[PDB]
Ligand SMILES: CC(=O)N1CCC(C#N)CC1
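Single chain ahead, by itself, as structure tokens, in the form deposited without the ligand.
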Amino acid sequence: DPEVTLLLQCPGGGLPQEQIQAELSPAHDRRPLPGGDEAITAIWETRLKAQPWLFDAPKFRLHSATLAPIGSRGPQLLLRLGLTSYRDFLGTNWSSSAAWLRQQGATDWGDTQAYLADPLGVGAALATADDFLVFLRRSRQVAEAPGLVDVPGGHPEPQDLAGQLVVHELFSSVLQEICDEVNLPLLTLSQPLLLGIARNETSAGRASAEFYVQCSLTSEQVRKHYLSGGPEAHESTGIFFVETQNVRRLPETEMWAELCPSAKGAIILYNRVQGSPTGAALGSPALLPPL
């Protein structure tokens, strides 16, 4: 799977909000481009002069994420975050010359990402009361990953002493994206756990935080809520469910070739952090079949 790399695998079956610190600092921003940010400005002008209804929006930038020594007390994760924008993304990660910007970042800064926007995405492994995960089909008419399978998520827009509010907006935004797209009531959803962070090598290495969320509704009820919004209530074109039993071997299925990279990230982390039991009971052959 060359189009996805794991930046972080969380311990203890995943991390709650209260165990994560953020450092939001202009030291974590993209570096100005070697020939000037006029190259980003030019791509944006060309785009607005064809699609003048487009808008810029701020985004969180992932710099890095440091896990504490395992088994320790206190905060378990430090997220180093900067700020970027939709416009900076279109002029860097989405650019035809994105591989050249990575090589120049290696040369100039010892960092393949130094000249990349790298907006932080969020995604969920969303489980039902009857032990299915939730999948969405993308429109064949959109620019990114057309007609591919996805999981719920988005790219949160901004607004440890502003740090804790930033972690709160990240956990909040994954629930909000589930309510907006799947049309589920907020009170049917668990507090999320962070499973890890995955990078999309097809989009020049931009990262998504992958979460586990439990719903108290069955798969038949989740479908009813999704469909009852109508075609205008969602960006996706369909919803479907795979038993948690069968997610274990999903990378061996024909479905795998149709999954967008960030959804592959979510399923790998679900299998490693929520699947893959460590104890004698769940590890017994009748409950963990070999092969």
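Quick note: we count residues from 1 along the sequence shown, nothing fancier.
Where coordinates are absent for parts of the deposited sequence, a chain break appears; between neighbours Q159 and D160 it spans 10 or more residues.
Mean CA temperature factor is higher for 142-150 when stretches 142-150 and 84-92 are set side by side in the entry. Higher mean CA temperature factor, per the PDB entry, when comparing 162-170 with 75-83: 162-170. The PDB entry gives the largest Cα B-factor of the residues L62, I239, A68, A257 to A257.
Looking at the C-alpha B-factors along this chain, the one for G265 belongs to the lowest third.
Ranked against the other modelled residues of its chain, the C-alpha B-factor of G205 as given in the entry falls in the highest third. Split the chain's modelled residues into thirds by C-alpha temperature factor. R137 is in the middle one. The entry lists a Cα temperature factor for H234 that places it in the highest third of the chain's modelled residues.
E181: CA B factor lies in the middle third for its chain, per the PDB record.
Just so it is clear, the following notes concern the form solved in complex with the ligand, a form of the same protein that is not shown.
Across the proposed site, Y86, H155 and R206 without exception bring a heavy atom within 4.5 Å of the ligand in the bound PDB entry. Between the ligand and the residues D130, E144, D108, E201, the one pair within 4.5 Å by heavy atoms in the bound PDB entry involves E144. For the residues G91, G196, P192, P119, the 4.5 Å heavy atom test against the ligand in the bound PDB entry is passed only by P119. Residues in 11-36 all lack a heavy atom within 4.5 Å of the ligand in the bound PDB entry.
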